[PDB]
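Notes for the one structure printed next.
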Amino acid sequence: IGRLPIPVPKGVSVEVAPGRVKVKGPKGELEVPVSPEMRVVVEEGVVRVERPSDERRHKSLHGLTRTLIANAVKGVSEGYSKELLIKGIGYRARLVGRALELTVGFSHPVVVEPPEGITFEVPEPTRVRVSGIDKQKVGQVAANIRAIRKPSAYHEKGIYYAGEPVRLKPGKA
Amino acid sequence: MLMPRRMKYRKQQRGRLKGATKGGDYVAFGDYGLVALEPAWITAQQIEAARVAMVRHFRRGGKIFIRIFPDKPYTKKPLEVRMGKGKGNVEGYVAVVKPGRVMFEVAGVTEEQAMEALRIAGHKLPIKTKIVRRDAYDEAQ
Amino acid sequence: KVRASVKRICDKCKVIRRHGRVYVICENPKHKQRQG
Amino acid sequence: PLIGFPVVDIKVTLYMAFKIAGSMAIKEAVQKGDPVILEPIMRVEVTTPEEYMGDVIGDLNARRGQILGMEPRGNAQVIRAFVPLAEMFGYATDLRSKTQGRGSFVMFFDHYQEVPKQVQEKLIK
Amino acid sequence: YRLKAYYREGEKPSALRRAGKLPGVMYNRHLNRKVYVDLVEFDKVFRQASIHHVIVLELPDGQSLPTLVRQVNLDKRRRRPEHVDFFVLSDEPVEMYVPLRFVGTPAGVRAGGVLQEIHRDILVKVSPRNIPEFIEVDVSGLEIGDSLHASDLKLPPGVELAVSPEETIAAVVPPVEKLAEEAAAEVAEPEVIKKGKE
Amino acid sequence: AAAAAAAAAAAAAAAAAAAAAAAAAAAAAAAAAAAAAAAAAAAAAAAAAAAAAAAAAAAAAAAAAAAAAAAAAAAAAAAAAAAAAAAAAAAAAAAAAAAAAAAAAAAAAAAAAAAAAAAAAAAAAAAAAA
Amino acid sequence: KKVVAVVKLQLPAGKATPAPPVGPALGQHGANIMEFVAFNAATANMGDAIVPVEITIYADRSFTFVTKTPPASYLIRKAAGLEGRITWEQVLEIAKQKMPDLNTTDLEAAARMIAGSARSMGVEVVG
RNA sequence: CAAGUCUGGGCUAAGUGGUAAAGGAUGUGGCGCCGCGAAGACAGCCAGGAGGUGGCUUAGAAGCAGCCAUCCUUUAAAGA
């Protein structure tokens with residue numbers, strides 16, 4: 001698998017139950033579900049994961065489980081990130097408080113209150129970064145934002161991940 | 001399409017689709033063949049749709065061998081008449097085909113081509129088919 | 001999109017089973033299929 | 001015989017009274033001769049910034065055309081082609097959509113020539 | 001070509017097949033013994049060997065016999081062997097099937113068109129000291145009609161054909177532009193051989 | 001599977017020819033300029049060779065298989081090795097310090113070498129070019 | 001005001017018009033787009049055949065250009081009455097005319113590039 | 001609803017079982033028998049991927065519309 005040995009840094013406690021595994025560190029703590037069909041418990045300078053048998057159930061949960069951990073470990077030593085370009089004429093983004101107010105050509109601007117564990121930046125007025133401890137959450141909010149006014153599909157309008165798009169070379173017209 | 005030129009008898013009984021193939025079961029001419037996995041009366045129009053699709057696929061080139069031949073008369077009574085009053089008129093002709101019969105056989109083309117052409121033709125047939133190359137078909141003595 | 005023989009059309013096309021049933025997806029959306 | 005338009009481009013070789021006989025002969029020759037409908041073809045030259053060339057040409061081909069070539073004229077680019085007068089209806093406003101109103105074109109009768117075997121039946125009508 | 005072979009007493013050819021064993025027999029004027037071989041080992045060898053090259057049969061004792069395959073009986077459904085007849089060679093002019101090797105590019109395939117290898121073997125009388133492999137055949141003359149056969153073939157020494165000759169061994173033949181005259185045709189009307197009085 | 005075969009047979013002959021193999025990393029620019037340091041370093045080296053750019057871990061197991069003892073100060077990396085065993089080399093490397101040193105963001109690097117038969121160092125070889 | 005260049009155009013012999021690709025690429029050159037039609041002086045000799053060229057600009061807004069030899073398919077059409085055949089020497093003559101271009105500086109190699117371009121246009125090489 | 005929530009080894013994850021065919025499919029488990037692998041591509045990733053530059057047709061077909069031919073060059077290796 002990608003069940004290599006992980007690598008615990010600086011100030012991360014890695015607790016472990018039969019079903020779960022807590023990860024503390026400088027940016028926060030995270031609870032991480034785990035198949036009790038694997039036996040991990042608070043391990044050394046690095047975290048390792050084995051599986052009993054080489055059945056398919058098992059291999060699948062391995063790596064799945066190692067990555068879930070590993071993402072948790074990178075979360076707590078600053079794993080925020082992934083940012084949004086808004087592209088197109090009247091479209092721009094500002095913060096009002098901690099909440100995020102995109103104007104994207106609908107009749108009223110939309111605001112997006114950020115959930116717990118998650119922080120919005122707006123360095124430029126058309127770049128926007130979502131920042132959190134978790135990861136899957138960063139992803140989720142990334143997408144909810146994106147899906148407010150998705151690209152494209154005939155134009156360089158809408159709001160994009162940084163990582164880029166096709167256009168449909170359409171009726172001019 | 002394809003049908004006997006002369007005949008002693010114009011209509012024949014339905015018979016049975018039994019085991020076997022009887023003959024017709026090793027390649028013989030081409031490099032590849034299409035073999036029948038199930039029994040069936042293969043109609044003149046099926047054979048023809050198949051053969052023609054065969055040639056569309058290799059547009060100029062290759063040869064096709066048609067190893068089955070529909071010489072059995074398919075009867076069907078006029079629409080909406082009743083039972084009796086004698087045997088229906090011939091609506092067409094079928095070739096009797098039992099499992100393991102090599103039906104079509106091609107040569108003079110690449111593997112890519114024969115595979116692809118025999119797959120198409122066999123889509124025109126009422127039965128499950130397999131494609132083959134030339135193994136233990138050195139069935140001279 | 002929805003039919004009974006779902007095959008790969010292009011090379012980028014990717015067979016996936018999910019939510020019970022078999023899908024395809026190329027990068028080109030015309031190739032996106034589902035069995036049905 | 002087909003639609004009733006003029007017959008053209010043929011050599012008759014002979015080998016009141018006289019009148020009725022030529023008239024009933026040729027009337028028949030054209031049927032036995034196994035005819036075909038000819039239709040006006042315009043020489044077209046359209047002028048387009050090069051941006052649009054592909055889509056422009058594509059649409060000419062889509063109009064049943066035959067491109068003949070392309071030279072520049074000054075800051076833009078000319079495309080010459082033959083297209084049947086029939087398929088040339090409302091060309092200017094289709095062209096203007098394909099060129100963001102920057103294209104122009106002109107059109108001059110050139111020759112007649114037979115059709116694509118689709119029409120005719122769809123033209124005996 | 002080798003092939004581990006074994007001796008069958010008198011128990012049910014179904015079982016062996018069922019096991020994994022292709023039942024069979026070796027014979028010739030002198031011999032005749034029921035034997036099986038591994039089906040899976042026999043297929044590896046017979047695909048290269050065919051009836052063309054000699055397969056050697058190593059029995060239990062060590063007795064290696066050279067043999068030609070005389071007959072492989074199939075299953076029809078499942079193109080699958082049921083049985084082999086192994087012919088055990090000796091001091092003999094034996095009749096056997098030798099590959100032709102059509103080498104050359106026929107001038108009638110270059111001209112469009114197709115080489116129909118009517119025969120890929122010819123039946124020869126020959127002593128096992130001299131079993132040829134290929135009998136390679138001059139082809140490159142053949143234009144898109146004409147068709148060489150019989151003995152228009154170079155035979156190595158002591159090799160001599162137990163066919164006619166005349167027996168045709170290769171034609172080159174004509175290969176979509178004729179699917180309209182075909183579809184059109186729609187002719188004939190099936191004629192019933194007149195029985196009856198007259 | 002083959003554990004050092006027909007590719008060793010050519011490298012442990014074309015590089016078992018003499019005792020002055022010089023090793024370099026050369027893959028990192030457009031082959032216009034690459035097929036013109038290799039057709040150009042025929043103007044300083046003989047037979048028909050600039051490099052044999054062949055497999056390290058086969059350049060490694062030949063400098064040892066044919067007695068010639070380790071070039072193992074740089075036997076890792078993208079190793080191209082300007083074979084000067086079939087060459088007329090000494091300051092042929094001197095004429096290989098311009099066209100891919102002072103030409104690019106450092107196009108062709110020195111690494112390891114053999115001077116007569118004893119092993120020439122890296123910078124004591126690089127500097128040997130001027 | 002434009003910046004620098006190493007332009008890799010591809011213009012034929014004779015018809016030299018400031019029309020692109022001698023426009024978009026040589027508009028940042030200040031290039032004497034009519035001090036080429038320098039060409040038909042050296043190719044007043046030849047007559048036909050395209051001539052590749054690389055036109056480079058600098059700072060003071062001046063240009064330059066050096067040209068390669070005519071298509072390998074050219075000298076071979078005249079050496080057969082084409083728009084035929086060539087001996088093992090007439091191939092070894094041509095590989096000389098283009099040896100400062102191809103890649104090899106041989107003829108056992110160079111000739112073969114020409115002998116290869118034989119079946120590229122169906123022109124057998126006299127043995 | 002009378003008698004094993006009996007014993008040993010498999011499979012199945014659909015409530016399949018407990019309604020159907022051609023056909024489709026990294027479902028799953030198992031048997032093959034071929035390749036590749038201390039000449040360390042399987043996957044990712046960093047390079048390269050180049051000369052001769054192709055014949056025909058076509059307005060234009062130049063590795064890529066569709067037809068004939070797949071011949072060398074420098075090579076680490078790059079298909080007309």
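Identifiers in this document derive from the order of the structure tokens: chains are assigned A, B, ..., residues are numbered from 1 separately in each chain, and ligands are numbered from 1 in order of occurrence.
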
Task: Picked from chain G by DSSP as strand (DSSP E or B), as an MDAnalysis selection string - done: chainID G and resid 7 53:55 65:67 86 125

Expected file: the selected residues, C-alpha atoms, as a PDB file, in the first residue's frame:
ATOM      1  CA  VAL G   7      12.798  34.681 -35.550  1.00  0.00           C
ATOM      2  CA  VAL G  53      15.967  31.788 -42.723  1.00  0.00           C
ATOM      3  CA  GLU G  54      16.581  33.123 -39.191  1.00  0.00           C
ATOM      4  CA  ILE G  55      16.079  36.898 -38.714  1.00  0.00           C
ATOM      5  CA  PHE G  65      19.304  36.842 -41.090  1.00  0.00           C
ATOM      6  CA  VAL G  66      21.295  33.713 -42.145  1.00  0.00           C
ATOM      7  CA  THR G  67      19.800  31.075 -44.485  1.00  0.00           C
ATOM      8  CA  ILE G  86      20.190   8.473 -59.230  1.00  0.00           C
ATOM      9  CA  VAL G 125      18.763   4.636 -56.616  1.00  0.00           C
TER      10      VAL G 125
END

Can you tell me which residues surround residue 113 of chain F at a distance of at most 8 Å, considering only C-alpha atoms (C1' of nucleotides), apart from same-chain residues fewer than 3 positions away, and format the answer as a PDB file with C-alpha atoms, in the first residue's frame?
ATOM      1  CA  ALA F  20      40.383   7.396 -19.258  1.00  0.00           C
ATOM      2  CA  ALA F  21      36.590   7.374 -18.779  1.00  0.00           C
ATOM      3  CA  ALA F  22      35.245  10.894 -17.885  1.00  0.00           C
ATOM      4  CA  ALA F  23      31.661  11.072 -16.351  1.00  0.00           C
ATOM      5  CA  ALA F  71      34.146   5.856 -10.526  1.00  0.00           C
ATOM      6  CA  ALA F 119      41.125   8.222 -10.490  1.00  0.00           C
ATOM      7  CA  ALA F 120      40.933  11.996 -11.276  1.00  0.00           C
ATOM      8  CA  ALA F 121      38.891  14.065  -8.783  1.00  0.00           C
ATOM      9  CA  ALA F 122      35.915  16.368  -9.582  1.00  0.00           C
ATOM     10  CA  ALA F 125      39.650  17.871 -13.303  1.00  0.00           C
TER      11      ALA F 125
END

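In this comparison, which uses only C-alpha atoms, the residue of A:150, A:98, A:155, A:82 approaching residue 138 of chain A most closely is A:82.
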
Open item on the list: Excluding residue 20 of chain C and its own-chain neighbours fewer than 3 positions away, which residues fall within 12 Å of it when counting only C-alpha atoms (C1' of nucleotides)? Please give them as number ranges by chain.
Closed with: C: 16-17, 23, 34-35; H: 14, 25, 27

Okay, now the selection with N, CA and C atoms (P, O5', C5', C4', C3', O3' and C1' of nucleotides), as a PDB file, in the first residue's frame?
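And here is the file that came out, part.pdb:
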ATOM      1  N   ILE C  16     -16.091   3.342 -13.914  1.00  0.00           N
ATOM      2  CA  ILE C  16     -16.251   3.582 -12.500  1.00  0.00           C
ATOM      3  C   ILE C  16     -17.550   2.902 -12.204  1.00  0.00           C
ATOM      4  N   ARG C  17     -17.627   2.211 -11.084  1.00  0.00           N
ATOM      5  CA  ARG C  17     -18.897   1.765 -10.549  1.00  0.00           C
ATOM      6  C   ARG C  17     -19.133   2.636  -9.324  1.00  0.00           C
ATOM      7  N   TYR C  23     -20.666   3.725 -14.237  1.00  0.00           N
ATOM      8  CA  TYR C  23     -20.570   4.968 -14.999  1.00  0.00           C
ATOM      9  C   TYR C  23     -19.339   4.949 -15.874  1.00  0.00           C
ATOM     10  N   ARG C  34     -23.960   6.168 -18.044  1.00  0.00           N
ATOM     11  CA  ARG C  34     -24.537   5.416 -16.938  1.00  0.00           C
ATOM     12  C   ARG C  34     -25.381   4.318 -17.545  1.00  0.00           C
ATOM     13  N   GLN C  35     -25.314   3.120 -16.982  1.00  0.00           N
ATOM     14  CA  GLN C  35     -26.134   2.010 -17.464  1.00  0.00           C
ATOM     15  C   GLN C  35     -27.641   2.237 -17.140  1.00  0.00           C
TER      16      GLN C  35
ATOM     17  P     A H  14     -23.701  -4.767  -2.056  1.00  0.00           P
ATOM     18  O5'   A H  14     -24.775  -5.422  -3.042  1.00  0.00           O
ATOM     19  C5'   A H  14     -26.195  -5.191  -2.962  1.00  0.00           C
ATOM     20  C4'   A H  14     -26.886  -5.980  -4.053  1.00  0.00           C
ATOM     21  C3'   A H  14     -28.365  -6.274  -3.806  1.00  0.00           C
ATOM     22  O3'   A H  14     -29.315  -5.251  -3.968  1.00  0.00           O
ATOM     23  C1'   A H  14     -27.267  -8.304  -4.108  1.00  0.00           C
ATOM     24  P     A H  25     -17.631  -3.613 -21.675  1.00  0.00           P
ATOM     25  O5'   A H  25     -17.566  -3.443 -20.103  1.00  0.00           O
ATOM     26  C5'   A H  25     -17.747  -2.163 -19.520  1.00  0.00           C
ATOM     27  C4'   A H  25     -17.914  -2.346 -18.042  1.00  0.00           C
ATOM     28  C3'   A H  25     -16.793  -3.103 -17.338  1.00  0.00           C
ATOM     29  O3'   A H  25     -15.713  -2.218 -17.109  1.00  0.00           O
ATOM     30  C1'   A H  25     -18.913  -3.794 -16.531  1.00  0.00           C
ATOM     31  P     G H  27     -15.096  -4.832 -12.052  1.00  0.00           P
ATOM     32  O5'   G H  27     -15.524  -5.169 -10.560  1.00  0.00           O
ATOM     33  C5'   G H  27     -15.900  -4.115  -9.661  1.00  0.00           C
ATOM     34  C4'   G H  27     -16.769  -4.691  -8.583  1.00  0.00           C
ATOM     35  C3'   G H  27     -16.118  -5.833  -7.832  1.00  0.00           C
ATOM     36  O3'   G H  27     -15.244  -5.268  -6.873  1.00  0.00           O
ATOM     37  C1'   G H  27     -18.277  -6.490  -8.530  1.00  0.00           C
TER      38        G H  27
END

- [ ] Compute the set of chain F residues within 10 Å of chain H, using only C-alpha atoms (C1' of nucleotides), and express it as a list in words.
- [x] residues 1, 2, 3, 4, 5, 6, 7, 8, 26, 27, 28, 29, 30, 31, 32, 34, 35, 36, 38, 39, 51, 52, 53, 54, 55, 57, 58, 78 and 80 of chain F

Could the residues in this selection be written to a file with N, CA and C atoms, as a PDB file, in the first residue's frame?
ATOM      1  N   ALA F   1      14.946 -13.279 -15.953  1.00  0.00           N
ATOM      2  CA  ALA F   1      15.244 -12.031 -16.732  1.00  0.00           C
ATOM      3  C   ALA F   1      16.744 -11.669 -16.694  1.00  0.00           C
ATOM      4  N   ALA F   2      17.192 -10.916 -17.706  1.00  0.00           N
ATOM      5  CA  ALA F   2      18.626 -10.664 -17.929  1.00  0.00           C
ATOM      6  C   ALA F   2      19.238  -9.684 -16.914  1.00  0.00           C
ATOM      7  N   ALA F   3      20.247 -10.171 -16.179  1.00  0.00           N
ATOM      8  CA  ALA F   3      20.953  -9.413 -15.120  1.00  0.00           C
ATOM      9  C   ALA F   3      22.295  -8.759 -15.585  1.00  0.00           C
ATOM     10  N   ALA F   4      22.209  -7.927 -16.630  1.00  0.00           N
ATOM     11  CA  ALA F   4      23.344  -7.223 -17.285  1.00  0.00           C
ATOM     12  C   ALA F   4      23.876  -7.965 -18.551  1.00  0.00           C
ATOM     13  N   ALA F   5      23.282  -7.662 -19.723  1.00  0.00           N
ATOM     14  CA  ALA F   5      23.440  -8.479 -20.962  1.00  0.00           C
ATOM     15  C   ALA F   5      24.084  -7.754 -22.164  1.00  0.00           C
ATOM     16  N   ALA F   6      23.333  -7.572 -23.253  1.00  0.00           N
ATOM     17  CA  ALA F   6      23.895  -7.049 -24.508  1.00  0.00           C
ATOM     18  C   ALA F   6      24.253  -5.565 -24.410  1.00  0.00           C
ATOM     19  N   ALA F   7      23.777  -4.918 -23.352  1.00  0.00           N
ATOM     20  CA  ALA F   7      24.057  -3.514 -23.132  1.00  0.00           C
ATOM     21  C   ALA F   7      25.358  -3.377 -22.343  1.00  0.00           C
ATOM     22  N   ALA F   8      25.666  -4.343 -21.473  1.00  0.00           N
ATOM     23  CA  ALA F   8      27.000  -4.418 -20.863  1.00  0.00           C
ATOM     24  C   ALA F   8      28.055  -4.786 -21.938  1.00  0.00           C
ATOM     25  N   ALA F  26      24.261  14.804 -18.616  1.00  0.00           N
ATOM     26  CA  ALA F  26      23.851  15.489 -19.850  1.00  0.00           C
ATOM     27  C   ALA F  26      22.536  14.954 -20.388  1.00  0.00           C
ATOM     28  N   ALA F  27      21.458  15.659 -20.022  1.00  0.00           N
ATOM     29  CA  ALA F  27      20.086  15.441 -20.546  1.00  0.00           C
ATOM     30  C   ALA F  27      19.202  16.718 -20.511  1.00  0.00           C
ATOM     31  N   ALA F  28      19.756  17.825 -19.994  1.00  0.00           N
ATOM     32  CA  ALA F  28      18.962  18.932 -19.423  1.00  0.00           C
ATOM     33  C   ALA F  28      18.717  20.167 -20.327  1.00  0.00           C
ATOM     34  N   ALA F  29      18.963  20.042 -21.637  1.00  0.00           N
ATOM     35  CA  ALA F  29      18.608  21.102 -22.603  1.00  0.00           C
ATOM     36  C   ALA F  29      18.073  20.533 -23.937  1.00  0.00           C
ATOM     37  N   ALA F  30      17.590  21.432 -24.798  1.00  0.00           N
ATOM     38  CA  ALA F  30      17.018  21.067 -26.101  1.00  0.00           C
ATOM     39  C   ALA F  30      18.026  20.298 -26.949  1.00  0.00           C
ATOM     40  N   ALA F  31      17.599  19.175 -27.538  1.00  0.00           N
ATOM     41  CA  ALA F  31      18.497  18.285 -28.324  1.00  0.00           C
ATOM     42  C   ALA F  31      19.108  18.914 -29.594  1.00  0.00           C
ATOM     43  N   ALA F  32      18.634  20.098 -29.993  1.00  0.00           N
ATOM     44  CA  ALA F  32      19.320  20.901 -31.009  1.00  0.00           C
ATOM     45  C   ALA F  32      20.744  21.170 -30.529  1.00  0.00           C
ATOM     46  N   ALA F  34      21.994  19.687 -27.761  1.00  0.00           N
ATOM     47  CA  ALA F  34      22.531  18.381 -27.309  1.00  0.00           C
ATOM     48  C   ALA F  34      23.136  17.568 -28.486  1.00  0.00           C
ATOM     49  N   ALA F  35      22.394  17.364 -29.575  1.00  0.00           N
ATOM     50  CA  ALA F  35      22.974  16.763 -30.791  1.00  0.00           C
ATOM     51  C   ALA F  35      23.938  17.729 -31.529  1.00  0.00           C
ATOM     52  N   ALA F  36      24.513  18.660 -30.761  1.00  0.00           N
ATOM     53  CA  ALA F  36      25.592  19.539 -31.217  1.00  0.00           C
ATOM     54  C   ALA F  36      26.583  19.924 -30.092  1.00  0.00           C
ATOM     55  N   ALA F  38      27.423  16.700 -28.885  1.00  0.00           N
ATOM     56  CA  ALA F  38      27.822  15.308 -29.184  1.00  0.00           C
ATOM     57  C   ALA F  38      28.394  15.141 -30.602  1.00  0.00           C
ATOM     58  N   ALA F  39      27.834  15.855 -31.575  1.00  0.00           N
ATOM     59  CA  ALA F  39      28.441  15.923 -32.904  1.00  0.00           C
ATOM     60  C   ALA F  39      29.576  16.963 -32.933  1.00  0.00           C
ATOM     61  N   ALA F  51      29.843  10.888 -25.826  1.00  0.00           N
ATOM     62  CA  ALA F  51      29.398  10.107 -24.665  1.00  0.00           C
ATOM     63  C   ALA F  51      28.723   8.824 -25.137  1.00  0.00           C
ATOM     64  N   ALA F  52      28.529   7.873 -24.231  1.00  0.00           N
ATOM     65  CA  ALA F  52      27.679   6.725 -24.526  1.00  0.00           C
ATOM     66  C   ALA F  52      26.355   6.853 -23.756  1.00  0.00           C
ATOM     67  N   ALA F  53      26.090   8.038 -23.194  1.00  0.00           N
ATOM     68  CA  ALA F  53      24.973   8.242 -22.253  1.00  0.00           C
ATOM     69  C   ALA F  53      24.150   6.981 -22.017  1.00  0.00           C
ATOM     70  N   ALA F  54      24.699   6.051 -21.234  1.00  0.00           N
ATOM     71  CA  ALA F  54      24.009   4.790 -20.931  1.00  0.00           C
ATOM     72  C   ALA F  54      23.702   4.659 -19.432  1.00  0.00           C
ATOM     73  N   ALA F  55      23.125   3.513 -19.058  1.00  0.00           N
ATOM     74  CA  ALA F  55      22.512   3.321 -17.743  1.00  0.00           C
ATOM     75  C   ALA F  55      23.549   3.253 -16.636  1.00  0.00           C
ATOM     76  N   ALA F  57      24.121   2.139 -12.963  1.00  0.00           N
ATOM     77  CA  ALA F  57      23.611   0.801 -12.578  1.00  0.00           C
ATOM     78  C   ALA F  57      23.666  -0.116 -13.793  1.00  0.00           C
ATOM     79  N   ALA F  58      24.826  -0.074 -14.443  1.00  0.00           N
ATOM     80  CA  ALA F  58      25.186  -0.805 -15.677  1.00  0.00           C
ATOM     81  C   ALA F  58      26.471  -0.138 -16.221  1.00  0.00           C
ATOM     82  N   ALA F  78      21.871  11.279 -13.076  1.00  0.00           N
ATOM     83  CA  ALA F  78      21.660  11.132 -14.518  1.00  0.00           C
ATOM     84  C   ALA F  78      22.992  11.105 -15.250  1.00  0.00           C
ATOM     85  N   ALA F  80      25.909  10.406 -17.899  1.00  0.00           N
ATOM     86  CA  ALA F  80      26.102  10.332 -19.354  1.00  0.00           C
ATOM     87  C   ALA F  80      27.513   9.884 -19.768  1.00  0.00           C
TER      88      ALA F  80
END

Open item on the list: Give me the residues near residue 83 of chain D as a count of residues only, where near means some atom within 12 Å (using only C-alpha atoms (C1' of nucleotides)) and where sequence neighbours in that chain fewer than 5 positions away do not count.
Closed with: 31

Open item on the list: Counting only C-alpha atoms, a student should be able to say which residues of chain G come within 10 Å of chain F; what is the right answer, written as a ChimeraX atom specification?
Closed with: /G:103-105

For the selection you just gave me, I'd like the residues written to a file as a PDB file, in the first residue's frame, keeping N, CA, C and O atoms.
ATOM      1  N   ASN G 103      22.912  16.236 -39.979  1.00  0.00           N
ATOM      2  CA  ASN G 103      23.529  16.107 -38.652  1.00  0.00           C
ATOM      3  C   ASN G 103      24.902  15.442 -38.765  1.00  0.00           C
ATOM      4  O   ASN G 103      25.891  15.914 -38.201  1.00  0.00           O
ATOM      5  N   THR G 104      24.934  14.337 -39.501  1.00  0.00           N
ATOM      6  CA  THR G 104      26.161  13.583 -39.782  1.00  0.00           C
ATOM      7  C   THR G 104      27.162  14.446 -40.569  1.00  0.00           C
ATOM      8  O   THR G 104      26.750  15.322 -41.317  1.00  0.00           O
ATOM      9  N   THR G 105      28.461  14.205 -40.396  1.00  0.00           N
ATOM     10  CA  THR G 105      29.485  14.786 -41.281  1.00  0.00           C
ATOM     11  C   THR G 105      30.220  13.638 -41.969  1.00  0.00           C
ATOM     12  O   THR G 105      31.451  13.588 -42.013  1.00  0.00           O
TER      13      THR G 105
END

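Selecting chain D residues within 10 Å of chain G and counting only C-alpha atoms yields residues 71, 72, 73, 74 and 75 of chain D.
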
Check which residues of chain B sit at most 10 Å from chain H using only C-alpha atoms (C1' of nucleotides), and return one row each with the closest pair of atoms and their distance in Å to one decimal, ordered by chain and rising number, as JSON lines.
{"residue": "B:123", "atom": "CA", "partner": "H:22", "partner_atom": "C1'", "distance": 9.1}
{"residue": "B:125", "atom": "CA", "partner": "H:22", "partner_atom": "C1'", "distance": 9.9}
{"residue": "B:126", "atom": "CA", "partner": "H:22", "partner_atom": "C1'", "distance": 8.1}
{"residue": "B:127", "atom": "CA", "partner": "H:22", "partner_atom": "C1'", "distance": 8.1}
{"residue": "B:128", "atom": "CA", "partner": "H:22", "partner_atom": "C1'", "distance": 8.3}

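The residues of chain E lying at most 12 Å from chain H, with only C-alpha atoms (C1' of nucleotides) taken into account, are residues 40, 41, 43, 44, 110, 111 and 112 of chain E.
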
Output N, CA, C and O atoms for every residue in that selection, as a CSV table (one decimal), in the first residue's frame.
chain,number,residue,atom,x,y,z
E,40,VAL,N,-2.7,-29.9,-20.6
E,40,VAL,CA,-2.2,-28.6,-20.5
E,40,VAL,C,-0.7,-28.6,-21.1
E,40,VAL,O,-0.4,-27.7,-21.8
E,41,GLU,N,0.1,-29.7,-20.9
E,41,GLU,CA,1.5,-29.8,-21.5
E,41,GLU,C,1.4,-30.1,-23.0
E,41,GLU,O,2.3,-29.7,-23.7
E,43,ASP,N,-1.1,-29.2,-25.1
E,43,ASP,CA,-1.4,-28.0,-25.8
E,43,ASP,C,-0.2,-27.1,-26.0
E,43,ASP,O,-0.1,-26.5,-27.1
E,44,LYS,N,0.7,-27.0,-25.0
E,44,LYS,CA,1.8,-26.1,-25.2
E,44,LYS,C,2.7,-26.5,-26.4
E,44,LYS,O,3.2,-25.6,-27.1
E,110,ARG,N,0.2,-6.8,-54.0
E,110,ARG,CA,0.7,-5.5,-54.2
E,110,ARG,C,-0.4,-4.8,-55.1
E,110,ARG,O,-0.7,-3.6,-54.8
E,111,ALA,N,-0.9,-5.5,-56.1
E,111,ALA,CA,-1.9,-4.9,-57.0
E,111,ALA,C,-3.4,-4.9,-56.4
E,111,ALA,O,-4.4,-4.9,-57.1
E,112,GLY,N,-3.5,-4.7,-55.1
E,112,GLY,CA,-4.8,-5.0,-54.3
E,112,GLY,C,-4.9,-6.5,-54.3
E,112,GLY,O,-4.0,-7.2,-54.9

Could you pull out the alpha helix (DSSP H) residues of segment 45-96 of chain E from DSSP and send them as a short mmCIF file (atom, residue, chain, number, x, y, z; two decimals) with C-alpha atoms, in the first residue's frame?
data_model
loop_
_atom_site.label_atom_id
_atom_site.label_comp_id
_atom_site.auth_asym_id
_atom_site.auth_seq_id
_atom_site.Cartn_x
_atom_site.Cartn_y
_atom_site.Cartn_z
CA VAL E 45 3.70 -28.42 -27.53
CA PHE E 46 1.08 -29.22 -30.17
CA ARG E 47 0.51 -25.57 -30.93
CA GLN E 48 4.11 -25.28 -32.16
CA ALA E 49 4.42 -28.92 -33.21
#

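Atom pair atom CA of residue 114 of chain F / atom CA of residue 97 of chain F: separated by 17.2 Å.
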
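Proximity to residue 72 of chain E at 9 Å, evaluated using only C-alpha atoms (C1' of nucleotides) and with sequence-adjacent residues fewer than 6 positions away removed, yields residues 136, 138 and 139 of chain B; 24, 81, 82, 83, 84, 85 and 86 of chain E.
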
- [ ] Determine, counting only C-alpha atoms (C1' of nucleotides), which protein, DNA and RNA residues have an atom within 8 Å of an atom of segment 102-110 of chain B; residues of the same chain fewer than 3 positions away are not included. Present the result as a list in words.
- [x] residues 24, 25, 26, 27, 29, 30, 31, 32, 33, 34, 35, 36, 61, 62, 63, 64, 65, 66, 67, 68, 113, 114 and 118 of chain B; 114, 115 and 116 of chain E

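The gap separating atom CA of residue 83 of chain F from atom CA of residue 117 of chain F is 13.3 Å, in Å to one decimal.
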
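Residue nearest chain A within the list H:20, H:1, H:43, H:6: H:43 [criterion: smallest interatomic distance, only C-alpha atoms (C1' of nucleotides)].
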
Open item on the list: I need the contact residues of chain E against chain B, so if you could list those with any atom within 8 Å, counting only C-alpha atoms, and return them as a PyMOL selection string, that would help.
Closed with: chain E and resi 46-47+50-51+70-72+76-79+112-118+174-176+179+186+188-195

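For segment 93-97 of chain D, the residues within 10 Å (counting only C-alpha atoms (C1' of nucleotides), excluding itself and residues fewer than 2 positions away along the chain) are residues 171, 172 and 173 of chain A; 46, 47, 48, 52, 55, 56, 59, 60, 88, 89, 90, 91, 99, 100, 101, 102, 103, 104 and 105 of chain D.
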